[PDB]
Every structure is written in C-alpha cells, then in structure tokens.
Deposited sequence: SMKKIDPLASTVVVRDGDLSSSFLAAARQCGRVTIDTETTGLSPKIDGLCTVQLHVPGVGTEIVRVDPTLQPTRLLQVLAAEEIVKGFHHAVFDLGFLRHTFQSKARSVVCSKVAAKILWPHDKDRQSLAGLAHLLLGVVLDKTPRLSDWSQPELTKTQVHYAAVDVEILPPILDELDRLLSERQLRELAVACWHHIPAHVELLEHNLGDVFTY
C-alpha cells in the first residue's frame, strides 16, 4: 500500500491520480524554512489506491510529480499547503494549480484555536483519531515509511468534512477563493514581497 520511489512519482500513480482527480500530498524536510532547508521526500496518496514516498534526487526533476502539481484537473489536498508548496517552489520551480489546504480551511472555521488547525487536532476532533527523523538516510525504515504515509492517508476524510462545515456556514466560497490564492502567496514569499494587501 506504500512504495518508496526514487526520483519521481511512478507512471502508475500518475495515471491513478488522473483517474481519481484528487490526491493528497505532504513532504518531509530537513527543517522549517522552505527557502533554506532541504526537501527530502514528497508523499502522494491516491484515495483507494495507496501512497508513494518520492525520494528527491537533486540531479533529477520529478517530472510526473510536477505534472500532477501543475494539473488543473487534479485537486491536490495538503494539511499545510503554503509550507509544502514553498519547498516545491524553491526546490523545483514548481507552480501548482488546484491546491486545497486543511489548515487554511480550519483557520477560516476556527480562527482562534491553533490546536484545531493542525492535522492532529483535526483528526482528533473530527475522526476521533490520535496521530502518533533522518529522512535523508540511505534507506527508509519500515517505521519511517509507515509514519511518512499517515498524514496523507488521513487527510481525504478530513478535507471532505471541512468542506461540509464550510458549506453549512456559507464560508466555502471564501475558502475556495483562499485556496485559489495559495500559489500566488507562495510566489510572494519566494520573491520576499511580504504583505501586498496592507495600506
């Protein structure tokens, strides 16, 4: 159900992503600064199919992964899209389209509850699920591999639930607009442009 891939998403998962129309994605990194630290792996999950851990190769562009990220017809769900896309933007010059983010959604629904805005907070509140280091190792251990996959496999039902809550509060159109802005926000951070919406 989980396969570690070197350099790129597999052709089989590219086709599966295209058939699904929806995937979930996150990353493992050497630190918390998208423009400085290293991108080690990208996790991609296709609901009903499984998960790939893509090990980044500095000498190889992950062509099929970048196609998925750029595809308007495939929705990419994240639990911290600005963070992950910042790494993908800085590392591969990747400009994504059709991204959604559970953190953005949770910030619209519960702006004052930081703990609810994390994926562990959301999985606990909504699903009753309690979510439990050297990602550049020559070999990923079974413990590393199982952990690396947990977040992308729990994200689809969380996103489905947040969509319903947003819709019931008449805030889904605002979330859709905010999700649409994420790639431009990532671009603003890449260029050190700051908050262009103040006065």
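What ranges of the deposited sequence are left out of this structure?
Those stretches are 1-10, 143-147, listed in order.
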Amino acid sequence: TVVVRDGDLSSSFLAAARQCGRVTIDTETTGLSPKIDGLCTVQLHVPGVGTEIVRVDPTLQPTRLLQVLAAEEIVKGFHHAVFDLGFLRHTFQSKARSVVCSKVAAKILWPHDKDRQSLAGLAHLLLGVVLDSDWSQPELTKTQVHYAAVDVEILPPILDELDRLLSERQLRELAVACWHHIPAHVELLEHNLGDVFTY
From here on, numbers count along this sequence of modelled residues.
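For the higher mean C-alpha B factor in the entry, choose 60-68 or 135-143.
If you average the C-alpha B-factors of 60-68 and of 135-143, the larger mean comes out for 135-143.
Take the C-alpha B-factors listed in the entry for 90-98 and for 74-82, compute each mean, and give the stretch with the larger one.
Between 74-82 and 90-98, it is 90-98 that shows the higher mean C-alpha B-factor.
Per the entry's Cα B factor values, which of 40, 32, 166, 44 stands out as the maximum?
Among 40, 32, 166, 44, the highest C-alpha B-factor in the entry belongs to 32.
Just grab whichever of 155, 162, 49, 54 has the top CA B-factor as deposited.
That would be 49.
By the recorded C-alpha temperature factor, relative to the other modelled residues in its chain, which third is residue 171 in?
Middle third.
Should residue 24 be placed in the lowest, middle or highest third of its chain by the C-alpha B factor in the entry?
Tercile = lowest for this residue's CA B-factor.
Test of reading the entry: by CA B factor among the chain's modelled residues, which third contains residue 195?
Tercile = highest for this residue's CA B-factor.
Can you tell me whether residue 124 has a C-alpha B-factor in the lowest, middle or highest third compared with the other modelled residues of the same chain?
According to the entry, residue 124 has a C-alpha B-factor in the chain's middle third.
Going by the CA temperature factor in the PDB record, which third of the chain does residue 182 belong to: lowest, middle or highest?
Its C-alpha B-factor belongs to the lowest third of this chain's values.
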